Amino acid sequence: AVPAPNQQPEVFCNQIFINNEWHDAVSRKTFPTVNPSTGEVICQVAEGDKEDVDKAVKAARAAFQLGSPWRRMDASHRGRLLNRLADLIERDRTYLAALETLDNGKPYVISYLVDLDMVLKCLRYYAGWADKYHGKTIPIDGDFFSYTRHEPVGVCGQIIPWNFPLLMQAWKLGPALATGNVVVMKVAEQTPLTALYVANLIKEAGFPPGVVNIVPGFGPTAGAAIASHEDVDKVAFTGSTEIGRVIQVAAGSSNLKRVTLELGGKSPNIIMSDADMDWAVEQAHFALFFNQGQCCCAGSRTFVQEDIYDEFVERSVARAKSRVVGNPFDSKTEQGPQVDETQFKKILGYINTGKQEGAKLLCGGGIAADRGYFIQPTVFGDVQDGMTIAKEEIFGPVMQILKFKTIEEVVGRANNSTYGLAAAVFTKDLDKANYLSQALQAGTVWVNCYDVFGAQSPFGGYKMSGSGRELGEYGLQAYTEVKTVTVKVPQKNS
């Protein structure tokens, strides 16, 4: 059911992509990109700066010209070009699953079955929207005819993160291009390969010159350049809440460009006593350990009800110690390395403070190999709301288990965060599921599951987890501008 991977794939693209050609930086500066399993360097990558972002934007501003072949083309053809791009990604599935694992470190089995599959369904879901987002004819008062046009907002700066580098890419390109925009994309320094290669596939799909430009570089230079740029019409950022504050400040101190954001979470997974014990344990484990725990809506607060707390813990611990950490290309590996040096140390430091503040280390706690950035699956029990490990997104394989008495208690506690990206309820009981699904403050609630995304279901956050929505039809709003036309007519008849 899963083909073999090439474990040392050839890197073809490592430059700034503009007008469908390859560029070295103005400054000529470069940066190495590392393989988190061994810690070794994979290759050098073009470090895009202030003025390389300025270049990317002009080739994009020109792709968006009234009369240009992109502004003119049929909406259903923009679909045809999206579908084409997914056909070719499907063709190079193995190589793209392998390359993602080499630079990101996720198990190869997941790259192929999870990432790239959801890459395919997403792109093919937006292809079919290309010619289906309607404006309105509006029965205004008086002798007028009025109607709306959902036009493209224009040149869209997209800054994407390192955890799901292909899936984030497609989540951003999905709607932008479906709706006729053009995109200046900044890839994460950590994982910039897979994205640049798809830029070759964006060429071969048939996308006009400058529809898509991709600028590798650092946050404080490239990232902040796009956010400040006086001719960029919109900027979408996913990543830490810290860094989102700089993105919304620059966007106000520039050109009143629209903003969207998808920041972290401390998402509660709430297990009522009537849950299916066995289902809830495999799902709470998956909800936190998935993708090495580098998940914006990782279930990092596992709230369990007292009547069942002890059995749940003992099982979670057992499941945690039996999780295989190892070579992400090996078929049996359930957990690969963290993403870089910086994340490795950050996590160890959280584990440290979990220990300092009196949480019960129940397994793991340590470095899981001699080479790479592998951390042991770690579970803390008896966690209290006031502990640092119960307020801050670790973004690693560290589970926190909290005990609750009543449903009115757990709702107040669960909802007691600066974040609200996601939450989940486990229960067999209909009133319970309904009360909680309504009372919880989260962009997405899951009932008897976790991380169930489809390209169809919208996704975003409340509070300081972000604003606006990705996936589904809602994803289209923030990439659309509304124009109203109101025409005097001889005599309005119903």
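The numbering used is simple: start at 1 and walk along the sequence shown.
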Per the PDB entry, mean CA B-factor is higher for 122-130 or 381-389, namely for 381-389
Assert higher mean C-alpha B factor (407-415 or 254-262, deposited values) equals 254-262
In this crystal structure's PDB entry, the residue among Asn434, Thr38, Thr427, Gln441 with the greatest CA B factor is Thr38
Scanning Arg301, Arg149, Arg93, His229 for peak Cα temperature factor in the entry gives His229
Temperature factor at the Cα of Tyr373, chain-ranked in thirds, falls in the highest
Split the chain's modelled residues into thirds by Cα B-factor; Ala478 lands in the middle
On the chain's distribution of Cα B-factors, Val155 falls within the third called middle
Entry-reported C-alpha B-factor of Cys43 relative to its chain, by third, is highest
Chain-relative C-alpha B factor for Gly326 (record values, thirds): the highest
